[PDB]
Amino acid sequence: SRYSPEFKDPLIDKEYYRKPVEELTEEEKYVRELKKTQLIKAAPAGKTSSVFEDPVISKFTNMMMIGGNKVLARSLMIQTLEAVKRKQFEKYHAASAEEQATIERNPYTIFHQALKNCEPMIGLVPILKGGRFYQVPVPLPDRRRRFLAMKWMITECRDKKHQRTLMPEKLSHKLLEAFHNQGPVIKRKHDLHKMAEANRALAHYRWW
Amino acid sequence: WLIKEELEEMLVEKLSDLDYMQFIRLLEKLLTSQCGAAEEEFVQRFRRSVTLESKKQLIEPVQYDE
Amino acid sequence: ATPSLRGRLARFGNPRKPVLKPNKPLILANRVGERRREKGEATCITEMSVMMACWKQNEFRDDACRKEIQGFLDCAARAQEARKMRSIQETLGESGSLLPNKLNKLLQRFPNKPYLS
Amino acid sequence: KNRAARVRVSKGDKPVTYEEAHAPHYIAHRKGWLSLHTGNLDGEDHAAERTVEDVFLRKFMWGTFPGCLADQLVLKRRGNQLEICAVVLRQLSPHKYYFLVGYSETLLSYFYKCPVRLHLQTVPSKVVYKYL
RNA sequence: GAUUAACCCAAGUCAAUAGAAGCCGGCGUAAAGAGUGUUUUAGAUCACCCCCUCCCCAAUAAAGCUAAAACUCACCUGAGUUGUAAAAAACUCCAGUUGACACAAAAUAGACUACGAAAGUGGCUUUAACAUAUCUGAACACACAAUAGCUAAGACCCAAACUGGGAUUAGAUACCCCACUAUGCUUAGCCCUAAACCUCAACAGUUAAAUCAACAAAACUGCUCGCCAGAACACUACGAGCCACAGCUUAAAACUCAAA
RNA sequence: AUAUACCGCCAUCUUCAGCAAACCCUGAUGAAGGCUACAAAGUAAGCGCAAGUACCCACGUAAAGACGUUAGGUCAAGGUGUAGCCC
Ligand SMILES: [K+]
Ligand SMILES: [K+]
Ligand SMILES: [K+]
Ligand SMILES: [K+]
Ligand SMILES: [K+]
Ligand SMILES: [K+]
Ligand SMILES: [K+]
Ligand SMILES: [Mg+2]
Ligand SMILES: [Mg+2]
Ligand SMILES: [Mg+2]
Ligand SMILES: [Mg+2]
Ligand SMILES: [Mg+2]
Ligand SMILES: [Mg+2]
Ligand SMILES: [Mg+2]
Ligand SMILES: [Mg+2]
Ligand SMILES: [Mg+2]
Ligand SMILES: [Mg+2]
Ligand SMILES: [Mg+2]
Ligand SMILES: [Mg+2]
Ligand SMILES: [Mg+2]
Ligand SMILES: [Mg+2]
Ligand SMILES: [Mg+2]
Ligand SMILES: [Mg+2]
Ligand SMILES: [Mg+2]
Ligand SMILES: [Mg+2]
Ligand SMILES: [Mg+2]
Ligand SMILES: [Mg+2]
Ligand SMILES: [Mg+2]
Ligand SMILES: [Mg+2]
Ligand SMILES: [Mg+2]
């Protein structure tokens, strides 16, 4: 890194700075007076202080980027969000007054919930015991759970099973399926739970 | 506190790393005590100024056009 | 009380057959052994089996196992923070008996003297 | 391990001069060049010809003042002048130095068709920078 | 090898052979304290003086006894039990609970350190019983001597050479799993071996001097018996003795090497 | 011909931190060994690391990287010992 260890990461949050002084504790007062003497890295060109910023969608976009082509990756993302919203507006106008109350039309709410429905609770990690590796079911950290949900969704959309279907139409279709606890990405989560439940006998190999 | 290489110049002798720690541990023990003026000029002989450059941003002048 | 060593070893003047055959001289070393790294017990394994039990009866549908999944999640987080604190307290504080490194420094100052000076 | 122009450590009895004591990566950092001309500047010509001349002058002087040179030559070019600065010892009689100066300057002037001058600085012994 | 020069001896030179030249040193690990004790003919001065560990604890022989755990049988119950890094084979009159029930073996005590000549001896009781008022004293005399083994007659839970089956492996005459026999036990006779080593002989004495190659379990003195003298051949051959007949004890040489 | 005679220039450990003259001490003055900071026999020039320097910083990247290891590579860069060829 071209930053020395003395550089601290920037905090990009308008609310954090407009907070009155009276509400601050003696510990939060120390951190604010400390940062006035520290070196701060330049804010990356990715995140800003915008009110439409979504760190989860930004991360999903980078995981779709091929060869640093962010423009194309970002283009596929907004086309998916538009495709999801148009499908929900079409399902909304074609529904009855009672069914309309249960139809979600916010693509950001659908995207977050669809990924949350695909996150696995437990995984298989190799543990060495007696000179052999055993696939031991273990709890996954929050980072790993969220990462696996995104990776499974992107991998499913790149599968060759889809013939000539463009990414925004494929992804929008998979998100709405996962949003309703259906589709192949939900099935992949169930398989990891079934394969972790089969190795239930090896769970005691864990030591944390 | 002055570094070992600076102490090796005030003394004009070669010091070990552990020799330097022992001397610093003994000066710190002298500050915690109720040291007087005579005991304060002595400790300052071994304190070097660690000037901290201000991180305050420099403001550009406000100009006026035609 | 330490067991006796009188007449236990094969020596001149000791008529009886030896009681002990130490493969190392019975002389205190100037150091103690290093504490072995221990393997802890798995945490939340009880909540893990309760969660995987509802899955078997509900066709692995998370919607029906929310309370069991949540319990297994909360336990994992609590077991994570406790694991994070066990290091700061037990490894650094040296609670109870001293650590081998500190205890060996104390033996350095009072070495066993099996010879004359 | 790198070898180029490195006097390797010994038992502490090998005297080395300042130039011999610095490896190639110190050129332009702690030691200068032994020849100065414009041939290697951007947009300049005849670098190949200046190089051959330098190599010859160093061999010529080495064999013309045998056992006298106490250091490498410094070759300087200004216009069409050629200045040769050499550090020599004080073993040969002055008469022989004056003969060799008059002889070498004249011979080199006719060989390379330019006014050549030789500047001699005498030392009682080889200047030692360190003992490797 | 020739040649040049030099060195030694010299009317000799020196190749082969032979002879001269050798026990007061050792024995924990280099060769050597030979499994144990006793005595003889003798030897020693450690025997009179002059003295402090008798009895008891897991010596030995005989007779009797049995707490835990097995085996077997019976009732009830189950449909499997065994095997493990993992399998197969094996059993399925099998397994679990309960009760009855040894010619086998002796948790804890024992962190004790005792007994016996050594080998050995650690469940309980009883009987008999553990030589010598100087010391040393044997491959062979005299009497003993773990385990394995032999002969004969019994017992048999468990273990188990061999053998059979299963598995592994390039092969597996093994290591792993199962089964079962000789054998381990008793009785009566043999056999006489061990890293029978605490590799340190018995008795008497010392802790000062030079403390002492190394390591091991500090270094020595007196006295006696036993034993040793390069390696290998060789726990062998031959002879002799022996209840031993593919055995044990005693035990060489030739050829070979310049080391071990 | 010989890289197994070599100079020259390098690979490699090295994405290392060690190398070492001259001394001193310990082991009965043997081959050998030499530290404990509430310190117990080590002192050490020099070399390397480090520091400095280049590039856009004090960061990073370059460069640097000893003694030795593989008789490592190159007699076909050039030079060269030894041996060989000279219608
Ligand atoms: K003759
Ligand atoms: K018992
Ligand atoms: K024997
Ligand atoms: K033994
Ligand atoms: K070379
Ligand atoms: K060459
Ligand atoms: K050559
Ligand atoms: Mg031993
Ligand atoms: Mg390199
Ligand atoms: Mg021997
Ligand atoms: Mg016991
Ligand atoms: Mg006797
Ligand atoms: Mg005899
Ligand atoms: Mg015998
Ligand atoms: Mg017997
Ligand atoms: Mg028998
Ligand atoms: Mg059996
Ligand atoms: Mg039988
Ligand atoms: Mg019996
Ligand atoms: Mg024995
Ligand atoms: Mg005797
Ligand atoms: Mg012999
Ligand atoms: Mg034998
Ligand atoms: Mg025989
Ligand atoms: Mg015979
Ligand atoms: Mg080479
Ligand atoms: Mg830098
Ligand atoms: Mg580099
Ligand atoms: Mg550097
Ligand atoms: Mg080679």
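Letters A, B, ... are given to chains in the order of the sequence lines, protein chains preceding strands, and every chain is numbered from 1.
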Whole angstrom value for the distance that separates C1' of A54(F) from CD1 of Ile27(D) | 14 Å

Is the distance between the six-membered ring centres of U17(E) and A18(E) below 5.5 Å, and is the angle between those ring planes below 30 degrees?
-> yes

Taking only N and O in the side chain of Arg6(D), is any of them less than 4.0 Å away from OP1 or OP2 of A66(F)?
-> no

Using the closest heavy atom to pick a nucleotide of RNA chain F for each, name whichever of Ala4(D) or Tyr26(D) lands nearer the 5' end.
-> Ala4(D)

Residues in contact with RNA chain F, drawn from residues 91-113 of chain C - heavy-atom cutoff 4.0 Å = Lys105(C), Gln108(C), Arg109(C)

Name the nucleic acid region contacted by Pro25(C), choosing base, sugar-phosphate or nothing; use a 4.0 angstrom heavy-atom cut-off, strictly under.
-> nothing

Polar side chain donor-acceptor pair, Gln22(B) to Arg25(B), under 3.5 angstrom = yes

Watson-Crick/G-U partner (both atom distances under 3.5 Å) of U60(E) = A128(E)

To the nearest Å, how far apart are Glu6(A) CD and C59(F) P?
-> 9 Å

For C67(F), does either OP1 or OP2 sit under 4.0 Å from a side-chain N or O belonging to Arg8(D)?
-> yes

Roughly how far, to the nearest 0.5 Å, is CG of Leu75(D) from NE2 of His37(D)?
-> 8.5 Å

Please list each protein N or O that sits under 3.5 Å from an N or O in nucleotides 114-121 of chain E, with the distance.
from    : atom 1 : to       : atom 2 : distance (Å)
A114(E) : OP2    : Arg16(C) : NE     : 2.6
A114(E) : OP2    : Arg16(C) : NH2    : 3.2
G120(E) : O6     : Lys17(C) : NZ     : 3.1
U121(E) : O4     : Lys17(C) : NZ     : 2.9

Ring centres of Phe111(D) and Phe60(D) under 6.0 Å apart?
-> no

Going from NZ on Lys113(D) to CG on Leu82(D), what distance comes out if it is rounded to the nearest 0.5 angstrom?
-> 14.5 Å

Select base, sugar-phosphate, or nothing to describe what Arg31(C) touches, counting heavy atoms under 4.0 Å on all strands.
-> nothing

Remember a base hit wins even if backbone is also touched, and classify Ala21(D) as base, sugar-phosphate or nothing at under 4.0 Å, heavy atoms.
-> nothing

So does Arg3(D) reach the base of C9(F) with its side chain, donor to acceptor, closer than 3.5 Å?
-> no

Could you state the interatomic distance from CZ (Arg31(C)) to CG (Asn101(C)), rounded to the nearest 0.5 Å?
-> 10.0 Å

Name the nucleic acid region contacted by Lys1(D), choosing base, sugar-phosphate or nothing; use a 4.0 angstrom heavy-atom cut-off, strictly under.
-> base

What's the CD-P distance between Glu5(B) and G52(F), to the nearest Å?
-> 12 Å

So, with a heavy-atom separation below 4.0 Å from RNA chain E, the residues of residues 9-23 of chain B are none

So what does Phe12(C) touch, heavy atoms closer than 4.0 Å: a base, only the sugar-phosphate, or nothing?
-> base

Spacing of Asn2(D) atom CG relative to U12(F) atom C1', expressed in whole Å | 13 Å

Cation-aromatic face contact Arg90(D)/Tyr97(D), 6.0 Å, 45 degrees | no

Pairing partner (Watson-Crick or G-U wobble, both distances under 3.5 angstrom) of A260(E) = none

Relative to each other, are the rings of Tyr18(D) and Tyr129(D) parallel, tilted or perpendicular (30° and 60° limits)?
-> perpendicular

Walking RNA chain F from its 5' end, the first of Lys130(D) and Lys11(D) to be reached, judged by nearest nucleotide, is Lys11(D)

If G222(E) has a Watson-Crick or G-U wobble mate with both distances under 3.5 Å, name it; if not, just say none.
-> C203(E)

